[PDB]
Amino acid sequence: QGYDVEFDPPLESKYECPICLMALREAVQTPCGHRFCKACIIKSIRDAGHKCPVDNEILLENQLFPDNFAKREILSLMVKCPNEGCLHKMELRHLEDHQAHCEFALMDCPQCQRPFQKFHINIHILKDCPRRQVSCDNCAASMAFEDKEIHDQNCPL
């Protein structure tokens, strides 16, 4: 459940969760000195027993402490945007905001629900989409572009 992104430079093992094997998300530390994503360790306790997965030391959920030092470090690590075509690199803490604006993120056309990269979305929606809505010059009827021919050949004019 940890951060599944591409770190660059590569993520150091000290920041990896022993359970999910990815960058610690909401890092917490045990009394026996082991770091885990809050979600992974909790699930391990409420499932594999009240012990640390790495050394079987007895562990209680109320003994965990938030490792904010680790969290701050991880969130400052340089990551690459996953979107195809994008070459932006940024600190992890800024990746979420970025993805909401990245022009390379896939998006579904509101008319034909097919997926397209954001930078192409306006061209698709207004020039290529077979389901884009257009109006008849004669009766002002609105239809899907792909249905225009059959409408025009039999329009009440």
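In this text, residue numbers run from 1 along the sequence as written.
Mean CA temperature factor from the deposited coordinates, higher in 31-39 or in 44-52? According to the PDB entry, the answer is 44-52.
Please work out which residue in 68, 117, 62, 122 has the highest C-alpha B-factor recorded for this crystal structure. By C-alpha B-factor in the record, 62 ranks first.
From 126, 58, 105, 95, which pick has the Cα B-factor that tops the rest in the entry? Comparing C-alpha B-factors across 126, 58, 105, 95, the top value belongs to 58.
Assigned third (lowest, middle, highest) for the C-alpha B factor of residue 17: Residue 17: CA B-factor falls in the middle third of its chain.
CA B-factor ranking of residue 23, expressed as a third of its chain: Middle third, going by the recorded CA B-factors of the chain.
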